[PDB]
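For reference, the structure discussed in these notes is given below.
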Protein chains: 2
Amino acid sequence: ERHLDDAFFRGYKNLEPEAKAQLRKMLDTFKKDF
Amino acid sequence: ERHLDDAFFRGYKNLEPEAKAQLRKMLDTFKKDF
């Protein structure tokens with residue numbers, strides 16, 4: 001769990017800004033699906 | 001930049017595990033698109 005999550009965050013921070021923005025948009029889609 | 005990213009990580013950690021897995025899959029899709 002924690003190691004998968006911390007590696008994910010490091011990978012996310014290595015993405016181009018436009019790709020990071022798309023991951024943030026996906027997160028919002030999950031949050032707003034209720 | 002940093003504040004958007006840190007808030008994103010906190011939001012990601014609050015998702016259900018199955019949703020977190022989908023965000024990790026999206027990250028891999030960006031990484032493998034070269």
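Below, chains carry the letters A, B, ... as their sequence lines are ordered, and counting in each starts from 1. Atom set for the values below is all heavy atoms of this structure, side chains included, hydrogens, waters and symmetry mates excluded.
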Compile the donor-acceptor pairs, distance criterion under 3.5 Å only, formed between chain A and chain B.
from: A:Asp5; atom 1: OD1; to: B:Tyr12; atom 2: OH; distance (Å): 2.7
from: A:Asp5; atom 1: OD1; to: B:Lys20; atom 2: NZ; distance (Å): 3.3
from: A:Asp5; atom 1: OD2; to: B:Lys20; atom 2: NZ; distance (Å): 2.7
from: A:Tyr12; atom 1: OH; to: B:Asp5; atom 2: OD1; distance (Å): 2.7
from: A:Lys20; atom 1: NZ; to: B:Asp5; atom 2: OD1; distance (Å): 3.3
from: A:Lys20; atom 1: NZ; to: B:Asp5; atom 2: OD2; distance (Å): 2.7

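Residue B:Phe8 comes nearest to A:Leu23 through the heavy atom pair CE1-O, 3.5 Å, listed as atom of the first residue, atom of the second, then distance.
Proximity to chain B (any heavy atom under 4.5 Å) is restricted, for A:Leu15, to the side chain, taken from C-beta onward.
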